[PDB]
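Structure data (PDB, C-alpha atoms and all ligand atoms) from input34.pdb:
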ATOM      1  CA  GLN A 158     -39.508  11.795   5.636
ATOM      2  CA  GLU A 159     -36.122  13.613   6.322
ATOM      3  CA  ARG A 160     -34.335  10.327   7.226
ATOM      4  CA  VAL A 161     -34.168   9.466   3.485
ATOM      5  CA  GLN A 162     -32.295  12.773   2.868
ATOM      6  CA  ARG A 163     -29.601  12.308   5.627
ATOM      7  CA  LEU A 164     -29.145   8.677   4.630
ATOM      8  CA  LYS A 165     -28.633   9.548   0.932
ATOM      9  CA  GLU A 166     -26.200  12.345   1.891
ATOM     10  CA  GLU A 167     -24.288   9.871   4.167
ATOM     11  CA  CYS A 168     -24.166   7.236   1.371
ATOM     12  CA  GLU A 169     -22.837   9.879  -1.072
ATOM     13  CA  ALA A 170     -20.102  10.975   1.390
ATOM     14  CA  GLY A 171     -19.115   7.418   2.216
ATOM     15  CA  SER A 172     -19.116   6.361  -1.459
ATOM     16  CA  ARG A 173     -16.861   9.329  -2.299
ATOM     17  CA  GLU A 174     -14.476   8.339   0.508
ATOM     18  CA  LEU A 175     -14.517   4.706  -0.621
ATOM     19  CA  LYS A 176     -13.598   5.723  -4.211
ATOM     20  CA  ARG A 177     -10.523   7.743  -3.075
ATOM     21  CA  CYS A 178      -9.618   4.939  -0.602
ATOM     22  CA  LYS A 179      -9.507   2.410  -3.451
ATOM     23  CA  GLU A 180      -7.399   4.824  -5.568
ATOM     24  CA  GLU A 181      -4.929   5.127  -2.634
ATOM     25  CA  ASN A 182      -4.899   1.303  -2.333
ATOM     26  CA  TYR A 183      -4.005   0.919  -6.022
ATOM     27  CA  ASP A 184      -1.191   3.519  -5.692
ATOM     28  CA  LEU A 185       0.180   1.829  -2.528
ATOM     29  CA  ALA A 186       0.205  -1.541  -4.333
ATOM     30  CA  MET A 187       2.102  -0.025  -7.265
ATOM     31  CA  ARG A 188       4.606   1.660  -4.911
ATOM     32  CA  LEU A 189       5.072  -1.674  -3.058
ATOM     33  CA  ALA A 190       5.817  -3.420  -6.432
ATOM     34  CA  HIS A 191       8.355  -0.692  -7.318
ATOM     35  CA  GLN A 192      10.168  -1.036  -3.961
ATOM     36  CA  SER A 193      10.280  -4.843  -4.376
ATOM     37  CA  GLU A 194      11.937  -4.397  -7.812
ATOM     38  CA  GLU A 195      14.448  -1.870  -6.393
ATOM     39  CA  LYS A 196      15.210  -4.194  -3.443
ATOM     40  CA  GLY A 197      15.614  -7.203  -5.767
ATOM     41  CA  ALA A 198      18.028  -5.204  -7.969
ATOM     42  CA  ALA A 199      20.142  -3.995  -5.004
ATOM     43  CA  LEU A 200      20.436  -7.534  -3.593
ATOM     44  CA  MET A 201      21.591  -8.985  -6.910
ATOM     45  CA  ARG A 202      24.122  -6.096  -7.366
ATOM     46  CA  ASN A 203      25.483  -7.391  -3.955
ATOM     47  CA  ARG A 204      25.483 -11.040  -5.090
ATOM     48  CA  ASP A 205      27.650  -9.879  -8.058
ATOM     49  CA  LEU A 206      29.870  -7.785  -5.786
ATOM     50  CA  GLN A 207      30.271 -10.596  -3.291
ATOM     51  CA  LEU A 208      31.151 -13.280  -5.907
ATOM     52  CA  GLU A 209      33.791 -10.954  -7.426
ATOM     53  CA  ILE A 210      35.311 -10.357  -3.927
ATOM     54  CA  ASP A 211      35.399 -14.120  -3.190
ATOM     55  CA  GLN A 212      37.465 -14.737  -6.352
ATOM     56  CA  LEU A 213      40.101 -12.137  -5.361
ATOM     57  CA  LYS A 214      40.668 -13.792  -1.918
TER
ATOM     58  CA  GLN B 158     -40.230   2.831   5.351
ATOM     59  CA  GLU B 159     -38.921   0.153   2.938
ATOM     60  CA  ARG B 160     -36.585   2.673   1.216
ATOM     61  CA  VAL B 161     -35.361   3.998   4.595
ATOM     62  CA  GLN B 162     -34.182   0.588   5.844
ATOM     63  CA  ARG B 163     -32.567  -0.193   2.420
ATOM     64  CA  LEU B 164     -30.600   3.100   2.666
ATOM     65  CA  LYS B 165     -29.698   2.417   6.337
ATOM     66  CA  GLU B 166     -28.395  -1.058   5.258
ATOM     67  CA  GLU B 167     -26.413   0.203   2.199
ATOM     68  CA  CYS B 168     -24.733   2.977   4.176
ATOM     69  CA  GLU B 169     -23.888   0.413   6.946
ATOM     70  CA  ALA B 170     -22.483  -2.060   4.361
ATOM     71  CA  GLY B 171     -20.545   0.705   2.567
ATOM     72  CA  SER B 172     -19.097   2.054   5.840
ATOM     73  CA  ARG B 173     -17.987  -1.489   6.753
ATOM     74  CA  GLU B 174     -16.279  -1.831   3.360
ATOM     75  CA  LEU B 175     -14.532   1.541   3.826
ATOM     76  CA  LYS B 176     -13.191   0.424   7.261
ATOM     77  CA  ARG B 177     -11.911  -2.826   5.616
ATOM     78  CA  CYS B 178     -10.319  -0.757   2.793
ATOM     79  CA  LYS B 179      -8.418   1.487   5.228
ATOM     80  CA  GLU B 180      -7.073  -1.609   7.060
ATOM     81  CA  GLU B 181      -5.749  -2.961   3.682
ATOM     82  CA  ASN B 182      -4.171   0.430   3.017
ATOM     83  CA  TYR B 183      -2.434   0.413   6.445
ATOM     84  CA  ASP B 184      -1.008  -3.081   5.705
ATOM     85  CA  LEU B 185       0.235  -1.992   2.246
ATOM     86  CA  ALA B 186       1.875   1.120   3.849
ATOM     87  CA  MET B 187       3.626  -1.081   6.443
ATOM     88  CA  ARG B 188       4.852  -3.448   3.724
ATOM     89  CA  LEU B 189       6.027  -0.514   1.587
ATOM     90  CA  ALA B 190       7.941   0.935   4.588
ATOM     91  CA  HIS B 191       9.511  -2.504   5.197
ATOM     92  CA  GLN B 192      10.718  -2.893   1.599
ATOM     93  CA  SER B 193      12.100   0.673   1.607
ATOM     94  CA  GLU B 194      14.132  -0.100   4.758
ATOM     95  CA  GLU B 195      15.428  -3.376   3.256
ATOM     96  CA  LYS B 196      16.381  -1.519   0.050
ATOM     97  CA  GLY B 197      18.237   1.158   2.070
ATOM     98  CA  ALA B 198      19.977  -1.632   4.031
ATOM     99  CA  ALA B 199      21.131  -3.234   0.733
ATOM    100  CA  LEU B 200      22.377   0.102  -0.691
ATOM    101  CA  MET B 201      24.396   0.716   2.501
ATOM    102  CA  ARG B 202      25.846  -2.820   2.398
ATOM    103  CA  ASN B 203      26.739  -2.132  -1.295
ATOM    104  CA  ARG B 204      28.849   0.855  -0.253
ATOM    105  CA  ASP B 205      31.007  -1.256   2.109
ATOM    106  CA  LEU B 206      31.280  -4.092  -0.469
ATOM    107  CA  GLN B 207      32.427  -1.596  -3.163
ATOM    108  CA  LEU B 208      35.091  -0.330  -0.683
ATOM    109  CA  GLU B 209      36.424  -3.885  -0.297
ATOM    110  CA  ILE B 210      36.646  -4.220  -4.133
ATOM    111  CA  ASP B 211      38.522  -0.881  -4.430
ATOM    112  CA  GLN B 212      41.208  -2.142  -1.990
ATOM    113  CA  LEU B 213      41.827  -5.330  -4.052
ATOM    114  CA  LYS B 214      42.455  -3.317  -7.272
TER
HETATM  115  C1  LIG A 301     -23.902  -0.703  -5.860
HETATM  116  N1  LIG A 301     -23.192  -0.255  -4.676
HETATM  117  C2  LIG A 301     -21.876  -0.371  -4.555
HETATM  118  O1  LIG A 301     -21.142  -0.778  -5.459
HETATM  119  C3  LIG A 301     -21.311   0.069  -3.199
HETATM  120  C4  LIG A 301     -20.591  -1.030  -2.417
HETATM  121  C5  LIG A 301     -21.292  -2.399  -2.539
HETATM  122  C6  LIG A 301     -21.631  -3.034  -1.192
HETATM  123  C7  LIG A 301     -20.416  -3.082  -0.276
HETATM  124  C8  LIG A 301     -19.791  -1.687  -0.075
HETATM  125  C9  LIG A 301     -20.429  -0.608  -0.950
HETATM  126  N2  LIG A 301     -20.465   1.272  -3.366
HETATM  127  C10 LIG A 301     -20.823   2.562  -3.101
HETATM  128  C11 LIG A 301     -22.073   2.951  -2.443
HETATM  129  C12 LIG A 301     -23.277   2.980  -3.113
HETATM  130  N3  LIG A 301     -24.213   3.315  -2.206
HETATM  131  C13 LIG A 301     -25.627   3.627  -2.439
HETATM  132  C14 LIG A 301     -25.869   5.112  -2.602
HETATM  133  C15 LIG A 301     -27.141   5.640  -2.428
HETATM  134  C16 LIG A 301     -27.382   6.986  -2.634
HETATM  135  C17 LIG A 301     -26.355   7.826  -3.007
HETATM  136  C18 LIG A 301     -25.081   7.319  -3.168
HETATM  137  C19 LIG A 301     -24.840   5.971  -2.970
HETATM  138  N4  LIG A 301     -23.708   3.483  -0.960
HETATM  139  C20 LIG A 301     -22.399   3.293  -1.100
HETATM  140  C21 LIG A 301     -21.510   3.544   0.058
HETATM  141  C22 LIG A 301     -22.029   4.052   1.253
HETATM  142  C23 LIG A 301     -21.188   4.341   2.316
HETATM  143  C24 LIG A 301     -19.825   4.125   2.205
HETATM  144  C25 LIG A 301     -19.302   3.614   1.028
HETATM  145  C26 LIG A 301     -20.137   3.326  -0.038
HETATM  146  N5  LIG A 301     -19.875   3.432  -3.376
HETATM  147  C27 LIG A 301     -18.810   2.663  -3.828
HETATM  148  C28 LIG A 301     -17.539   3.053  -4.229
HETATM  149  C29 LIG A 301     -16.649   2.081  -4.644
HETATM  150 CL1  LIG A 301     -15.049   2.609  -5.045
HETATM  151  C30 LIG A 301     -17.000   0.728  -4.688
HETATM  152  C31 LIG A 301     -16.102  -0.383  -5.113
HETATM  153  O2  LIG A 301     -15.248  -0.085  -6.057
HETATM  154  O3  LIG A 301     -16.205  -1.506  -4.630
HETATM  155  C32 LIG A 301     -18.277   0.334  -4.282
HETATM  156  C33 LIG A 301     -19.151   1.316  -3.842
END

Show how you would write the structure in this file as structure tokens.
Amino acid sequence: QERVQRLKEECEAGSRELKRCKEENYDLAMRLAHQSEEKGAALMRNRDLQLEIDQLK
Amino acid sequence: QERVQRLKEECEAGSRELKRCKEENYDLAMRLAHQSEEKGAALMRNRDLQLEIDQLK
């Protein structure tokens, strides 16, 4: 009777929330990849800086 | 009656997947915060290393 209606409305609301949750997940994964690249770059800029310091010792 | 239980079961399975999705999102946010702190730590170390280079010029 009415239980089909609330259930379909609940499934629509949950499905909508699941779609935006997966979009957030994709964005967080992309942001995590960007920070790993930026971290990797900063560490290697310090490997270069360190090696150059060691030679002028 | 058959449709009602099918809708009860797909909303329950979808809700379970949404809870699992939010837990993934929390883990990606924690990892993103970790990499951002490690990047900041490398940029700060870079400043002090650059100072050391400037003194041996
Ligand atoms: C065929 N059904 C599905 O694919 C289900 C999922 C399959 C079984 C495990 C979890 C659900 N689904 C649905 C979905 C499909 N109803 C059936 C339905 C019935 C009437 C109206 C609207 C939806 N229910 C849901 C639902 C319900 C509650 C919370 C989250 C999702 N929306 C999705 C959005 C997304 Cl973003 C995704 C995804 O990318 O994986 C999947 C979703």

Of the listed residues A:208, A:161, A:199, A:168, that which approaches ligand LIG 301 (chain A) most closely, counting all atoms listed in the file: A:168

Return as a Markdown table the residues of chain A lying at most 9 Å from ligand LIG 301 (chain A), together with the closest atom-to-atom pair for each and the distance in Å to one decimal, counting all atoms listed in the file, with rows in chain order and ascending residue number.
| residue | atom | partner | partner_atom | distance |
| --- | --- | --- | --- | --- |
| A:164 | CA | A:LIG301 | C16 | 7.7 |
| A:165 | CA | A:LIG301 | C16 | 4.6 |
| A:166 | CA | A:LIG301 | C17 | 6.7 |
| A:167 | CA | A:LIG301 | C23 | 6.6 |
| A:168 | CA | A:LIG301 | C22 | 3.8 |
| A:169 | CA | A:LIG301 | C18 | 4.0 |
| A:170 | CA | A:LIG301 | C23 | 6.8 |
| A:171 | CA | A:LIG301 | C24 | 3.4 |
| A:172 | CA | A:LIG301 | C26 | 3.5 |
| A:173 | CA | A:LIG301 | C28 | 6.6 |
| A:174 | CA | A:LIG301 | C25 | 6.8 |
| A:175 | CA | A:LIG301 | CL1 | 4.9 |
| A:176 | CA | A:LIG301 | CL1 | 3.5 |
| A:177 | CA | A:LIG301 | CL1 | 7.1 |
| A:178 | CA | A:LIG301 | CL1 | 7.4 |
| A:179 | CA | A:LIG301 | CL1 | 5.8 |
| A:180 | CA | A:LIG301 | CL1 | 8.0 |

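Applied to the file shown here, the PyMOL selection byres (((chain B and resi 191-195) around 12) and not hetatm) selects the residues residues 188, 189, 190, 191, 192, 193, 194, 195, 196, 197, 198, 199 and 200 of chain A; 184, 185, 186, 187, 188, 189, 190, 196, 197, 198, 199, 200, 201 and 202 of chain B.
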
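Of note, atom CA of residue A:214 and atom CA of residue B:213 are spaced 8.8 Å apart.
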
Interatomic distance, atom CA of residue B:212 to atom CA of residue A:203 (Å, one decimal):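 So the answer is 16.7 Å.
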
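Across the model, the gap from atom CA of residue A:163 to atom CA of residue B:183 is 29.7 Å.
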
Slice of the block: stretch 171-208 of chain A, N, CA, C and O atoms, as a PDB file, in the first residue's frame:
ATOM      1  N   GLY A 171      18.573   8.020  -0.729  1.00  0.00           N
ATOM      2  CA  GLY A 171      19.816   7.338  -0.466  1.00  0.00           C
ATOM      3  C   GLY A 171      20.654   7.292  -1.715  1.00  0.00           C
ATOM      4  O   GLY A 171      21.851   7.563  -1.656  1.00  0.00           O
ATOM      5  N   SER A 172      20.039   6.968  -2.866  1.00  0.00           N
ATOM      6  CA  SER A 172      20.764   6.883  -4.143  1.00  0.00           C
ATOM      7  C   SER A 172      21.398   8.206  -4.519  1.00  0.00           C
ATOM      8  O   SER A 172      22.483   8.216  -5.062  1.00  0.00           O
ATOM      9  N   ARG A 173      20.719   9.309  -4.229  1.00  0.00           N
ATOM     10  CA  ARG A 173      21.165  10.667  -4.492  1.00  0.00           C
ATOM     11  C   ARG A 173      22.398  10.956  -3.622  1.00  0.00           C
ATOM     12  O   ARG A 173      23.416  11.465  -4.109  1.00  0.00           O
ATOM     13  N   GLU A 174      22.320  10.577  -2.340  1.00  0.00           N
ATOM     14  CA  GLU A 174      23.400  10.738  -1.402  1.00  0.00           C
ATOM     15  C   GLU A 174      24.586   9.868  -1.738  1.00  0.00           C
ATOM     16  O   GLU A 174      25.720  10.285  -1.542  1.00  0.00           O
ATOM     17  N   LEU A 175      24.353   8.684  -2.272  1.00  0.00           N
ATOM     18  CA  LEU A 175      25.420   7.781  -2.689  1.00  0.00           C
ATOM     19  C   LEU A 175      26.144   8.326  -3.919  1.00  0.00           C
ATOM     20  O   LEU A 175      27.367   8.273  -3.969  1.00  0.00           O
ATOM     21  N   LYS A 176      25.413   8.912  -4.874  1.00  0.00           N
ATOM     22  CA  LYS A 176      26.027   9.549  -6.046  1.00  0.00           C
ATOM     23  C   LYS A 176      26.973  10.715  -5.646  1.00  0.00           C
ATOM     24  O   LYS A 176      28.085  10.769  -6.144  1.00  0.00           O
ATOM     25  N   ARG A 177      26.542  11.645  -4.788  1.00  0.00           N
ATOM     26  CA  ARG A 177      27.413  12.723  -4.364  1.00  0.00           C
ATOM     27  C   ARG A 177      28.577  12.178  -3.507  1.00  0.00           C
ATOM     28  O   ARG A 177      29.703  12.669  -3.613  1.00  0.00           O
ATOM     29  N   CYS A 178      28.338  11.121  -2.715  1.00  0.00           N
ATOM     30  CA  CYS A 178      29.407  10.530  -1.913  1.00  0.00           C
ATOM     31  C   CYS A 178      30.506   9.969  -2.791  1.00  0.00           C
ATOM     32  O   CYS A 178      31.669  10.166  -2.497  1.00  0.00           O
ATOM     33  N   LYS A 179      30.151   9.324  -3.895  1.00  0.00           N
ATOM     34  CA  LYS A 179      31.147   8.790  -4.824  1.00  0.00           C
ATOM     35  C   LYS A 179      31.887   9.914  -5.564  1.00  0.00           C
ATOM     36  O   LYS A 179      33.091   9.782  -5.825  1.00  0.00           O
ATOM     37  N   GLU A 180      31.202  11.029  -5.869  1.00  0.00           N
ATOM     38  CA  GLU A 180      31.854  12.182  -6.482  1.00  0.00           C
ATOM     39  C   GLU A 180      32.876  12.768  -5.504  1.00  0.00           C
ATOM     40  O   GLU A 180      33.969  13.098  -5.928  1.00  0.00           O
ATOM     41  N   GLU A 181      32.540  12.873  -4.199  1.00  0.00           N
ATOM     42  CA  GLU A 181      33.458  13.375  -3.195  1.00  0.00           C
ATOM     43  C   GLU A 181      34.667  12.453  -3.109  1.00  0.00           C
ATOM     44  O   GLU A 181      35.782  12.935  -3.030  1.00  0.00           O
ATOM     45  N   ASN A 182      34.448  11.136  -3.128  1.00  0.00           N
ATOM     46  CA  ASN A 182      35.489  10.123  -3.068  1.00  0.00           C
ATOM     47  C   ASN A 182      36.478  10.290  -4.212  1.00  0.00           C
ATOM     48  O   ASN A 182      37.689  10.276  -3.979  1.00  0.00           O
ATOM     49  N   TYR A 183      35.967  10.497  -5.437  1.00  0.00           N
ATOM     50  CA  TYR A 183      36.832  10.706  -6.590  1.00  0.00           C
ATOM     51  C   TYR A 183      37.688  11.971  -6.421  1.00  0.00           C
ATOM     52  O   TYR A 183      38.892  11.934  -6.671  1.00  0.00           O
ATOM     53  N   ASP A 184      37.078  13.069  -5.954  1.00  0.00           N
ATOM     54  CA  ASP A 184      37.775  14.330  -5.717  1.00  0.00           C
ATOM     55  C   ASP A 184      38.819  14.191  -4.634  1.00  0.00           C
ATOM     56  O   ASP A 184      39.909  14.701  -4.814  1.00  0.00           O
ATOM     57  N   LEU A 185      38.528  13.464  -3.548  1.00  0.00           N
ATOM     58  CA  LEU A 185      39.494  13.238  -2.462  1.00  0.00           C
ATOM     59  C   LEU A 185      40.672  12.416  -2.959  1.00  0.00           C
ATOM     60  O   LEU A 185      41.815  12.684  -2.565  1.00  0.00           O
ATOM     61  N   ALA A 186      40.420  11.443  -3.849  1.00  0.00           N
ATOM     62  CA  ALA A 186      41.500  10.619  -4.394  1.00  0.00           C
ATOM     63  C   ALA A 186      42.417  11.459  -5.289  1.00  0.00           C
ATOM     64  O   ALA A 186      43.643  11.298  -5.256  1.00  0.00           O
ATOM     65  N   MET A 187      41.824  12.368  -6.070  1.00  0.00           N
ATOM     66  CA  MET A 187      42.594  13.239  -6.929  1.00  0.00           C
ATOM     67  C   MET A 187      43.423  14.230  -6.137  1.00  0.00           C
ATOM     68  O   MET A 187      44.570  14.501  -6.518  1.00  0.00           O
ATOM     69  N   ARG A 188      42.852  14.767  -5.030  1.00  0.00           N
ATOM     70  CA  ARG A 188      43.551  15.687  -4.147  1.00  0.00           C
ATOM     71  C   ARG A 188      44.699  14.967  -3.428  1.00  0.00           C
ATOM     72  O   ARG A 188      45.782  15.529  -3.293  1.00  0.00           O
ATOM     73  N   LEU A 189      44.495  13.704  -3.032  1.00  0.00           N
ATOM     74  CA  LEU A 189      45.524  12.891  -2.399  1.00  0.00           C
ATOM     75  C   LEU A 189      46.693  12.629  -3.364  1.00  0.00           C
ATOM     76  O   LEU A 189      47.856  12.682  -2.949  1.00  0.00           O
ATOM     77  N   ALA A 190      46.396  12.395  -4.669  1.00  0.00           N
ATOM     78  CA  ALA A 190      47.434  12.206  -5.695  1.00  0.00           C
ATOM     79  C   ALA A 190      48.221  13.506  -5.913  1.00  0.00           C
ATOM     80  O   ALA A 190      49.432  13.469  -6.058  1.00  0.00           O
ATOM     81  N   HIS A 191      47.544  14.655  -5.897  1.00  0.00           N
ATOM     82  CA  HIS A 191      48.206  15.941  -6.059  1.00  0.00           C
ATOM     83  C   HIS A 191      49.140  16.230  -4.884  1.00  0.00           C
ATOM     84  O   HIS A 191      50.246  16.728  -5.109  1.00  0.00           O
ATOM     85  N   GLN A 192      48.706  15.944  -3.643  1.00  0.00           N
ATOM     86  CA  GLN A 192      49.559  16.193  -2.483  1.00  0.00           C
ATOM     87  C   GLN A 192      50.761  15.251  -2.464  1.00  0.00           C
ATOM     88  O   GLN A 192      51.836  15.660  -2.061  1.00  0.00           O
ATOM     89  N   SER A 193      50.609  14.022  -2.957  1.00  0.00           N
ATOM     90  CA  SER A 193      51.724  13.084  -3.050  1.00  0.00           C
ATOM     91  C   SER A 193      52.769  13.563  -4.069  1.00  0.00           C
ATOM     92  O   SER A 193      53.961  13.419  -3.836  1.00  0.00           O
ATOM     93  N   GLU A 194      52.329  14.169  -5.173  1.00  0.00           N
ATOM     94  CA  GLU A 194      53.239  14.735  -6.169  1.00  0.00           C
ATOM     95  C   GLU A 194      53.994  15.959  -5.585  1.00  0.00           C
ATOM     96  O   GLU A 194      55.182  16.126  -5.809  1.00  0.00           O
ATOM     97  N   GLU A 195      53.281  16.831  -4.882  1.00  0.00           N
ATOM     98  CA  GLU A 195      53.852  18.010  -4.270  1.00  0.00           C
ATOM     99  C   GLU A 195      54.835  17.640  -3.159  1.00  0.00           C
ATOM    100  O   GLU A 195      55.845  18.323  -2.984  1.00  0.00           O
ATOM    101  N   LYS A 196      54.538  16.577  -2.403  1.00  0.00           N
ATOM    102  CA  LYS A 196      55.420  16.091  -1.347  1.00  0.00           C
ATOM    103  C   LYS A 196      56.675  15.495  -1.977  1.00  0.00           C
ATOM    104  O   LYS A 196      57.774  15.830  -1.550  1.00  0.00           O
ATOM    105  N   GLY A 197      56.502  14.653  -3.000  1.00  0.00           N
ATOM    106  CA  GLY A 197      57.607  14.036  -3.718  1.00  0.00           C
ATOM    107  C   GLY A 197      58.562  15.053  -4.303  1.00  0.00           C
ATOM    108  O   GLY A 197      59.775  14.875  -4.213  1.00  0.00           O
ATOM    109  N   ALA A 198      58.024  16.162  -4.844  1.00  0.00           N
ATOM    110  CA  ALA A 198      58.800  17.246  -5.432  1.00  0.00           C
ATOM    111  C   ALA A 198      59.604  18.011  -4.373  1.00  0.00           C
ATOM    112  O   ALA A 198      60.771  18.330  -4.606  1.00  0.00           O
ATOM    113  N   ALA A 199      58.988  18.303  -3.221  1.00  0.00           N
ATOM    114  CA  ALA A 199      59.619  19.016  -2.127  1.00  0.00           C
ATOM    115  C   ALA A 199      60.735  18.191  -1.526  1.00  0.00           C
ATOM    116  O   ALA A 199      61.758  18.757  -1.168  1.00  0.00           O
ATOM    117  N   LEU A 200      60.558  16.869  -1.408  1.00  0.00           N
ATOM    118  CA  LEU A 200      61.604  16.010  -0.851  1.00  0.00           C
ATOM    119  C   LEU A 200      62.820  15.932  -1.757  1.00  0.00           C
ATOM    120  O   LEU A 200      63.946  15.925  -1.268  1.00  0.00           O
ATOM    121  N   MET A 201      62.596  15.888  -3.075  1.00  0.00           N
ATOM    122  CA  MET A 201      63.695  15.782  -4.016  1.00  0.00           C
ATOM    123  C   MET A 201      64.437  17.111  -4.164  1.00  0.00           C
ATOM    124  O   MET A 201      65.650  17.101  -4.316  1.00  0.00           O
ATOM    125  N   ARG A 202      63.733  18.253  -4.009  1.00  0.00           N
ATOM    126  CA  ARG A 202      64.329  19.597  -3.948  1.00  0.00           C
ATOM    127  C   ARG A 202      65.270  19.683  -2.708  1.00  0.00           C
ATOM    128  O   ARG A 202      66.212  20.476  -2.710  1.00  0.00           O
ATOM    129  N   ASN A 203      65.002  18.881  -1.647  1.00  0.00           N
ATOM    130  CA  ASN A 203      65.804  18.804  -0.432  1.00  0.00           C
ATOM    131  C   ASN A 203      66.931  17.803  -0.552  1.00  0.00           C
ATOM    132  O   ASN A 203      67.938  17.973   0.099  1.00  0.00           O
ATOM    133  N   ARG A 204      66.796  16.791  -1.405  1.00  0.00           N
ATOM    134  CA  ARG A 204      67.867  15.856  -1.718  1.00  0.00           C
ATOM    135  C   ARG A 204      68.934  16.635  -2.516  1.00  0.00           C
ATOM    136  O   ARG A 204      70.127  16.503  -2.234  1.00  0.00           O
ATOM    137  N   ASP A 205      68.496  17.480  -3.469  1.00  0.00           N
ATOM    138  CA  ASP A 205      69.380  18.321  -4.265  1.00  0.00           C
ATOM    139  C   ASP A 205      70.079  19.319  -3.362  1.00  0.00           C
ATOM    140  O   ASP A 205      71.299  19.452  -3.425  1.00  0.00           O
ATOM    141  N   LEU A 206      69.318  19.995  -2.498  1.00  0.00           N
ATOM    142  CA  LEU A 206      69.890  20.976  -1.589  1.00  0.00           C
ATOM    143  C   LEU A 206      70.885  20.364  -0.651  1.00  0.00           C
ATOM    144  O   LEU A 206      71.964  20.919  -0.471  1.00  0.00           O
ATOM    145  N   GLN A 207      70.555  19.191  -0.101  1.00  0.00           N
ATOM    146  CA  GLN A 207      71.462  18.512   0.807  1.00  0.00           C
ATOM    147  C   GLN A 207      72.793  18.105   0.152  1.00  0.00           C
ATOM    148  O   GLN A 207      73.852  18.431   0.680  1.00  0.00           O
ATOM    149  N   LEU A 208      72.737  17.461  -1.024  1.00  0.00           N
ATOM    150  CA  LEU A 208      73.906  17.015  -1.764  1.00  0.00           C
ATOM    151  C   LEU A 208      74.850  18.176  -2.059  1.00  0.00           C
ATOM    152  O   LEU A 208      76.058  18.039  -1.901  1.00  0.00           O
TER     153      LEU A 208
END
